[PDB]
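Take a look at this single chain, the form deposited in one PDB entry, given in structure tokens.
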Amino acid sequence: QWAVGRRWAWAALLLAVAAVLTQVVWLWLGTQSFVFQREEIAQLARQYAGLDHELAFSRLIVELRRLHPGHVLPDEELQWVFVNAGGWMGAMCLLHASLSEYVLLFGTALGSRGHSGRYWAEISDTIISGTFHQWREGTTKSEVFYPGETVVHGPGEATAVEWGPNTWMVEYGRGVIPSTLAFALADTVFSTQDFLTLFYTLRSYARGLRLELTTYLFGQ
């Protein structure tokens, strides 16, 4: 037998860790189990667009609790919380939250303009009421969306968003949600100082994570 040098063992362990971590991340990605399909949320919320946004939200929540038992928060853990980011302000009520998927009801009663953000997640907004103006990166034109339509904010893409008065939509997102949470709390920390809103957002996220962990370990 023979020995191996220290700097040689450095590169050897580097290669070993590289192989192990790459194959482990691949085995991780291969076992990803998305609960909601890429277009299920939109194809369901379109069936309620045009109603009273309160009635539409209630019916959508009942339908999502019926179709996916164990992945929608209870009536007690539903709470509207403000959200300030990229210069815009709205309100959200979270229904489903995990490390890859999230579902919520987003909206604003006054309207707002701002920067959508650049993060690693594909997000779908199905308009229940109001208008949605979108300005894509590198254009001089604005695209308007009305109730029924669905806006797909793609990963990497950066758009200027504008919601009109009484705008209300159903949002579903899939990707690296922790990467969204950095942009999520920027205006809360450096503008509004509304730390109770920060706590409410983090508590809703923790409640969604706990519900998903419970349904994973025991479920049904």
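So that there is no doubt, residue numbering starts at 1 and follows the sequence shown. What we label the rigid core is the largest C-alpha set whose atoms superpose within 1.5 Å from one form to the other. Shifts are known only where both forms have a C-alpha.
Colleague: Averaged over C-alpha atoms, is the B-factor higher for 26 to 34 or for 161 to 169 in this PDB entry?
Modeller: Between 161 to 169 and 26 to 34, it is 26 to 34 that shows the higher mean C-alpha B-factor.
Colleague: Using only the Cα atoms and their B-factors as the entry lists them, report which of 205 to 213 and 17 to 25 averages higher.
Modeller: Per the PDB entry, the higher value belongs to 17 to 25.
Colleague: Which one, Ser124, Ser98, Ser112, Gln79, has the peak C-alpha temperature factor per the PDB entry?
Modeller: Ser124 has the highest C-alpha B-factor of those listed.
Colleague: Hey, out of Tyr119, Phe106, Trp135, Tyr146, whose CA B-factor is highest in the deposited coordinates?
Modeller: The listed residue with the largest C-alpha B-factor is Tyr119.
Colleague: When the modelled residues of the chain are sorted by Cα temperature factor, does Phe199 land in the lowest, middle or highest third?
Modeller: Ranked within chain, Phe199 CA B lands in the lowest tercile.
Colleague: Could you look up the Cα B-factor of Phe57 in the entry and say which third of the chain it sits in: lowest, middle or highest?
Modeller: For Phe57, whose C-alpha B-factor we compare with every modelled residue in the chain, the answer is the middle third.
Colleague: Splitting the chain's C-alpha B-factors into thirds, which one does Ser142 fall into?
Modeller: Within its chain, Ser142 is a highest-third residue by C-alpha B-factor, going by the deposited values.
Colleague: Divide the modelled residues of the chain into thirds by Cα B-factor and specify which third, lowest, middle or highest, holds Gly87.
Modeller: Middle third - that is where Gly87 ends up once the chain's C-alpha B-factors are sorted.
Colleague: Splitting the chain's C-alpha B-factors into thirds, which one does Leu51 fall into?
Modeller: Its C-alpha B-factor belongs to the middle third of this chain's values.
The same protein also exists as the form deposited in another entry; that form is not shown, yet it is the one meant from here on.
Colleague: Do any runs of 3 or more residues shift their CA by 2 Å or more between the shown form and the other one on a core fit, and if so, which ones, in sequence order?
Modeller: 1 to 28 is the only stretch that shifts between the shown form and the other one.
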